[PDB]
């Protein structure tokens, strides 16, 4: 019998439907007491929410796949059992398994596939307009944030550089300190004078007011944006961009959203936590998340269901997940330093705080900073 008491951390607006999922869980596991709350700072900050005091953190918590290597090496999460590993591998798409695997072992329970797309108001821009960055921004305003490296670091990947090597597993493998990296820096800088590019900390509000015709965003906002745009809703994969005078696809990161089990839980509570993590990432639960938020399941069967298959956001995400259109986020322990250092690199190029005469130096220093043992 599974019994115990578990705390579950989810992101703010997810609480209502995780309570529904937990009610489903409790039909099968009536002797597990679950408390569902928001986390202190959300799934994009699980590393530091848990690391501040692992023994006081939730037993099961939402976390993006890039954070897993750091958390595994710190001992905050343990490997999944053989049976749990088999279920993850068999039920979900291959990239979901890759996303949670570190040194040959799975460390979390994947549930959603995340790639950003263009969301746009089709009364302001056409499907043809959004195929290229320069064409889109010549015709309407794209609102975005150059201080968030999750948005723009993948331009370096479009430029032909590697992040932690060919596999994302090589500490010294980032090669952005190159002429190709400089092409990306120049692209950022070009956007400052692009009248169709608006820097904002809240792109969603600009879409809502009609001051932006398009934004780059992820599927955690799919249902939100469908509500904002109504009959004018449209979505597309990322456009091409011009780097060194050549059109190339602009990449996004591919992320896998997961739940992980805190290694501090023990005894019955540990078993209950693992059971909960497995249940809330099962097919039925993934489809409940989809119904409420529009996030894209990783379950193989759920992706093929008619509601998911007919959703234009799902189609655009599965295009973005193809080779060449995105790169799976690495999960190296160095990733937290990478994110911290990448944002000023990119934003400095955009604002001109880093002039072109400094691109090579700044890229060299960046690679040194993010490549330490």
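Numbering follows the first chain given and starts at 1.
In this entry, 124-132 shows the higher mean Cα temperature factor of the pair 279-287 and 124-132. The stretch 159-167 shows the higher mean C-alpha B-factor when 234-242 is compared against 159-167 in the entry. Per the PDB entry, 228 shows the highest C-alpha temperature factor of the residues 228, 254, 189, 296. Per the deposited record, 305 carries the highest C-alpha B-factor of all listed residues (305, 39, 67, 340).
Annotation for residue 309: CA B-factor lies in the highest third of the chain's modelled residues. The PDB entry assigns residue 116 a C-alpha temperature factor belonging to the lowest third of its chain's modelled residues. Among the modelled residues of its chain, residue 73 has a C-alpha B-factor that falls in the middle third according to the deposited record. Residue 50: CA B factor lies in the middle third for its chain, per the PDB record. Among the modelled residues of the chain, residue 247 sits in the highest third by CA temperature factor in this PDB entry.
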